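Quick heads-up: it's one chain on its own, the form deposited in one PDB entry, in structure tokens.
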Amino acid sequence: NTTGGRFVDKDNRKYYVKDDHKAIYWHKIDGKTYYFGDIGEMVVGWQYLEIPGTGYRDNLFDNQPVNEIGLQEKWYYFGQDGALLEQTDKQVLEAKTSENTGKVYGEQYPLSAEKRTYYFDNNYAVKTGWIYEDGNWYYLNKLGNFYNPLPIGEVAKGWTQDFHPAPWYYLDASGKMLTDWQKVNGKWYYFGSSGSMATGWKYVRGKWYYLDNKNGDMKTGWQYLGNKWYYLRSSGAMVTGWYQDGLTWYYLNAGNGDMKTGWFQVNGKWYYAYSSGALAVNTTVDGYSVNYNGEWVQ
């Protein structure tokens, strides 16, 4: 809704001048959208800018006061003629890098040789968060790595937290979200149906597995958890019943799986495990005899 002015080439910059004042920030001119920053220099290419449409950064000229309101910022793409790319779906564009953002008309820089697919929201900003395409989920970065906004809107690869104990996801080499059991850096992780990395005890397909409570990696062998011992086989699955480690027998509780100590009964017969879990065999324990199977013979 800006009219009556004209574009001007001056001082190796581009301005829009109306009645001898310069356009600043966002303007809708002649069916296209432009942005002229804080002093009037028309921008081109990739730009991380305050969002348009509020009025506070819109239809303003440099003779007018500017509200000190700090608006939210997003990525936008402008053509080399300054016109905003008004995309609401997706488009393959030169990759944004450290060398091709925040430039104004007149500044010399090369377009990126590498092109990437960028996704856009209904208001022409680069989209972030989860998107679905061709049978897969991809995550578009919401934040910079851990201030610089460059990563925002890029396709996440590898281990990625989704911030609103934020959930972990793993995206493969093309960005596809993995589900179910996956081996990453030599260790097993379970991502279920939703993609969220499991932690703690998890019942999957009729067996118990323990994933590290913080890191998600599947444990095997003997594990001391919640003041009790459990034995997990090499596949990760929790064992119940009798288990022989070398010559030594252990009994893992039916159901819960915790290792028994002291006197315990299995199918009518009595057994004694020392504090280590080791079954007493062919000896006595406090007056009671136990045979080669560890059974109490009265």
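Basically, rigid core = biggest C-alpha set you can superpose within 1.5 Å across the two forms. One-based numbering along the sequence shown.
Where the structures in 6 other deposited structures of this protein are fitted on the rigid core, 105-113 is the one of 71-79 and 105-113 whose C-alphas sit farther from the shown form on average. Take 96-104 and 202-210, fit the other structures onto the shown form by the rigid core, and average the C-alpha distances in 6 other deposited structures of this protein: the farther stretch is 96-104. In terms of unmodelled positions of the deposited sequence, the stretch from residue 164 to residue 165 in this entry skips 4 to 9 residues.
According to the record, 4 to 9 deposited residues between residue 146 and residue 147 are left without atomic coordinates. Of the two stretches examined, 42-50 and 58-66, the record assigns the greater average C-alpha temperature factor to 58-66. Higher mean CA temperature factor between 83-91 and 194-202: 194-202, per the PDB entry. Between the residues 156, 111, 104, 131, it is 111 that shows the highest Cα B-factor in the PDB record.
For residue 239, the recorded CA temperature factor ranks within the middle third of the chain's modelled residues. Per-chain ranking of the deposited C-alpha B factor places residue 183 in the middle third.
In the deposited entry, the Cα temperature factor of residue 223 sits in the top third of values across the chain's modelled residues. Ranked against the other modelled residues of its chain, the C-alpha B-factor of residue 37 as given in the entry falls in the lowest third. In the PDB entry, a CA B factor belonging to the middle third of its chain's modelled residues is recorded for residue 210.
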